[PDB]
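Okay, so we've got a single protein chain in two different forms coming up as structure tokens, structure 1 first and structure 2 after it.
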Structure 1
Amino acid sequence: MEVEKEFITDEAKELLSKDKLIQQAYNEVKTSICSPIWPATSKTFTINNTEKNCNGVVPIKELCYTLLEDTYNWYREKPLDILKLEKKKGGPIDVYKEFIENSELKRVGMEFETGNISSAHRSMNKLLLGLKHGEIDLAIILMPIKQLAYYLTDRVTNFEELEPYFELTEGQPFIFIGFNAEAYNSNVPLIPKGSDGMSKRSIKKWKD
């Protein structure tokens, strides 16, 4: 997979230039998102382009999550205190990791959005909320770009469609990454939808 579009707030740029732990986080994220391939035996991600919305989204994230969790030690389902404890309503964050080096600690929250575009607004607000309540120091949202999404389940989150709203995270450190396949072709197999595209891996939950 390749990263083709990115939006970095000014606040995230400042941390990205001076801060080594943030620098480290970003690198683990980029490398993880560039890792997905299709098919499994290939060295790049090629997507079937026979027709509009022909592919399901589930399997596309697998290799990204595996790398973060198993090679980089990020956790899944970290709940925010403002939600679990105070409001007692609202689910957790997709991915999370604490980066420590001597006295320094940096907490990063991230959501890899492949749901409907409307869900991304939710992920965005949810990260907004943990940033404003001091629970995370940087927020990251990963999603496909529009070109890629043309061949995915209809209406999934795409960079270009969320882009007019990026402006609502100003004043906070946030990074938006739009990924695209490295090739389009109808020789490759279709990513399955439904149960068949379902992940069957055990996930590294924060509660462990």
Structure 2
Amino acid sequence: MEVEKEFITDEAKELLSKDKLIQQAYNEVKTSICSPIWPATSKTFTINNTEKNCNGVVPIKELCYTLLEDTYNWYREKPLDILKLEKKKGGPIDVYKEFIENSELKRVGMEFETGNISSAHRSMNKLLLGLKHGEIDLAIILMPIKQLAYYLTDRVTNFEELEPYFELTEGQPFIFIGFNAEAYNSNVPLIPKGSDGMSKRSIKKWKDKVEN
């Protein structure tokens, strides 16, 4: 996969240049979203473009999150965590990385949007409140760009659709990343739809192919 669009607030540009551990976290997110390949035996990501909305997107999110957790030591909130935390402000931020950059504890929060545009507004606001409350020091949102979203689940959020609203994050360190497949064609399998599309074992096998 490739990162074809990206927006970084001035505050995040500043933070990234002066904070090595925050920059490292950002680089790990970039590596995790660019790592996906398809088919699993390929070295690039080709999306099946047979017809509109023919592929699922959650499996890609699952792969991205597992890579961050298993390979880069990020923490992904588990169902048991979500159950005990979400009572007042909704579920917690999907995944994050934490580190003591001595004198203080810092955290980078990230969310991969696989829902509709309204859910993306909620995700951006969840991250913004986290920044305002000092719970995270940098927020990152990942989304497929429009060209790719055309072949993903109906009504899924795409980079360009949330873009008019990126300015609501000015003043805070926020980064939006838009990804795309390296190729489009009908000679590859469809990414399974439903959240159950790929089991917890298929994701592991795929991750294994991605890493070696």
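Here, residue number means position along structure 1's sequence, counting from 1. Definition used throughout: the rigid core is the maximal C-alpha set that superposes within 1.5 Å between two forms.
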{"query": "Shift of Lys97 between structure 1 and structure 2 at or above 2 Å (CA, core fit)", "finding": "no"}
{"query": "Core-aligned CA displacement of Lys132 at least 2 Å between structure 1 and structure 2", "finding": "no"}
{"query": "Core fit, then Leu80 C-alpha moves 2 Å or more between structure 1 and structure 2", "finding": "yes"}
{"query": "Shift in Å of the C-alpha at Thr44 between structure 1 and structure 2 after core superposition", "finding": "0.8"}
{"query": "Rigid core fit between structure 1 and structure 2: Cα deviation of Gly194 in angstrom", "finding": "2.2"}
{"query": "Inter-form CA displacement between structure 1 and structure 2 at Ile203 - rigid core frame, Å", "finding": "10.9"}
